[PDB]
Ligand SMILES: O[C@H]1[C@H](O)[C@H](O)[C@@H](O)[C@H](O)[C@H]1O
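A lone chain, given as structure tokens: the form solved without the named molecule.
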């Protein structure tokens, strides 16, 4: 049977999720929408040819007994309150990052879900679902390169919009690595430090530092070096290299595009959009959520604990952003509920 979905938030993010559920993935249907902007909600129904009703707010939608699961895909600041409400219900929950924009709010959600019969929340960290990244982790876990000593990564983006702030280097960009690394290494973070090299001439947003360097440390002593470069011009790219005791593993170059021999050069195109780069990951992620719901079983993707870990780490990062000093992280052991 079909999973009956309600979507909370109908901006571009919400719309993309709607499109995915309606036209790409199997086994689901969007039967309700709401947004603070009621007209954007109506617009979603119209544009996507849904048999859905428009609720005026999350509370009312969430009372609809025929909805199996909700997608919390509003703007980030709105997630906390909405997740909280949905936790009053028996509905399954898929929220986009972040779990909450603050670390107490995330702790709140975790504390509340810990009161329940079963896990219901999945957090939308798609990286874990990327075929390349996943294959790398799997290879690492074989033990073929021994213990991971150092991780070097890059999060490269061509340019940013006028509204992109310094904090967003963490919250919108680095957040992906933040969730990824502890999962990759099966280890916990003990510190983060953000440093700033010389400022790029490409920046034209007030207060935005670019590029940024983020160093993280783990319990077992693995050191993580991440390059964040969001005005790089050339393209969108995600690089990942694990340095092990007896060898190394890195992601291959991404691209299906042909190699062109022409004009004293050999070249291949480079992806310009993060949307395109991670189409597969997003599809796989959401299909898994649906699959689990269809079985009335808890999600097996990133949990609220994962969201909370990320929230903590990002808070620390934003603190490091002020003065470039190291900030210690101490994440309490994973509750059994989240194990």
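Numbering follows the first chain given and starts at 1.
For the segment pair 220-228 and 90-98, the entry gives 90-98 the higher mean B-factor, averaged over Cα atoms.
Legend: mean Cα B-factor per stretch from the PDB entry, 147-155 versus 73-81; the higher mean is in 73-81. When the C-alpha B-factors of 313, 59, 273, 287 are ranked from the entry, the top spot goes to 59. Per the deposited coordinates, the residue with the largest Cα temperature factor out of 50, 281, 300, 294 is 50. Annotation for residue 104: C-alpha temperature factor in the highest third relative to the rest of the modelled chain, per the entry. Residue 265 sits in the lowest third of its chain by CA B factor, as recorded in the PDB entry. Among the modelled residues of the chain, residue 207 sits in the middle third by CA temperature factor in this PDB entry. Residue 168 sits in the middle third of its chain by CA B factor, as recorded in the PDB entry. Annotation for residue 126: CA B-factor lies in the middle third of the chain's modelled residues.
One more form of this protein should be noted, the form solved in complex with the named molecule, which is absent from this view; the next part is about it.
Only one of the listed residues (248, 111, 188, 172) places a non-hydrogen atom within 4.5 angstroms of the named molecule in the bound PDB entry, and that residue is 172. In summary, among the residues 87, 126, 184, 153, the only one with a non-hydrogen atom within 4.5 Å of the named molecule in the bound PDB entry is 126.
Shown here without its partner, the chain carries 164, 176 and 236, all of which come within 4.5 Å of the named molecule in the bound PDB entry through at least one heavy atom. When the named molecule is considered in the bound PDB entry, residue 209 lies well away from it, no heavy atom lying within 4.5 Å.
The named molecule is not drawn, but in the bound PDB entry it has no heavy atom within 4.5 Å of residue 91.
Put simply, residue 48 is far from the named molecule in the bound PDB entry: not one heavy atom of it is within 4.5 Å.
Though the partner is left out of this view, residue 222 does not reach within 4.5 Å of the named molecule in the bound PDB entry, counting heavy atoms only. Segments offered: 254-262, 156-164, 193-201, 134-142. Contacting the named molecule in the bound PDB entry at heavy atom distances within 4.5 Å is 156-164. Residues of 79-109 that come within 4.5 Å of the named molecule in the bound PDB entry, judged by any heavy atom, reduce to 97 alone.
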